[PDB]
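Next up is one chain by itself, shown in structure tokens, the form deposited in one PDB entry.
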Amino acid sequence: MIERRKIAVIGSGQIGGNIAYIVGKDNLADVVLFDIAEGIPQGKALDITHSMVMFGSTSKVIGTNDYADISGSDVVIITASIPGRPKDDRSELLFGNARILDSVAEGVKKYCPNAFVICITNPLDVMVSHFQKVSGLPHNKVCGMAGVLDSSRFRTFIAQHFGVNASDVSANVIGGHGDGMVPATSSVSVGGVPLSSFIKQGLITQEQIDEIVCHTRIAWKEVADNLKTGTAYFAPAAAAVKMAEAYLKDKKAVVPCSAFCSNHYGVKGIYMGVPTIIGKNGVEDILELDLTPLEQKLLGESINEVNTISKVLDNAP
């Protein structure tokens, strides 16, 4: 019997509200906006409900403070976080958000244990690992949104240099969602043309490539410093929706995200940004990029960052 698709958004702040907005606009699923703050999800849900007829969507969007309402959710997107932007590093939110995810894990485990969980809450890679351990959900049904955002930024900056449609730039960011993230320049192409060729042709310099890599790594601060009252939320929301689409429509889409990687990239069981295939069984495979020796080292340094913050969490107050 046909049932409507259902996405639960845990945390109805800046990102959560836009996710509901976009999901509703696309008629991808019904949405449940969950939050502990009185009135917030209810007001956003009512507002978004009014827009549905304008978009020609019959998606239902409700606000709640009750985990019972996320029962039967196909996808759970976790945006829940302590207030205030990070000053210097995403891991400043580590202790507070780990405790939030403990609570979220109990709600999910009880009401929708078969859901595909997409974590957004920072510090992303550590939070995803934490959520999986506490919730007990299968590794392939729990992942983190990060790579799509980082890679979209990487692709956009390359596209802005060459003056071409970013959809025609292929480019990946891998590793942890932090300073150590690795935009893999070696496997970048624009319409099938690699960066090495554009260098020979005189259309881009290595220094320009290095600036694009740097820009990608610290892009979050550029947005956050301009917004002042918080961090990026339009693109992170859009990225979460693309990931939800891949699962709900069984796309077998190649998606860079934080996934449990245990037989690739020289690691033996860790959550980190890698190119995955996402479909109706969640994370169905991981693909191995052709990394240079330098890039393999940078990835190693990224893995170290993830392990370091993970150990800090294991010795929390």
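Counting begins at 1, following the sequence as shown. Take the two forms, superpose them, and find the largest set of C-alpha atoms that agree within 1.5 Å; that set is the rigid core.
- Look at the mean CA B-factor for 148-156 and for 226-234 in the entry; the higher one is 226-234.
- Annotation for 193-201 versus 236-244: the higher mean temperature factor (C-alpha) is found in 193-201.
- Highest CA B-factor among 251, 50, 44, 264, as stated in the entry: 264.
- Annotation for 289, 54, 277, 31: 289 ranks highest, by Cα B-factor.
- Ranked by C-alpha B-factor against the other modelled residues of its chain, residue 167 falls in the lowest third.
- Among all modelled residues in this chain, the alpha-carbon of residue 273 has a temperature factor (C-alpha) in the middle third.
- The entry lists a Cα temperature factor for residue 26 that places it in the lowest third of the chain's modelled residues.
- Residue-level temperature factors show residue 134 in the highest third of its chain, judged at the C-alpha atom.
- Annotation for residue 4: CA B-factor lies in the middle third of the chain's modelled residues.
Omitted from view is the form deposited in another entry, to which the following refers.
- Here residue 14 does not count as shifted, since its C-alpha moves by less than 2 Å between this form and the one not shown after the core is aligned.
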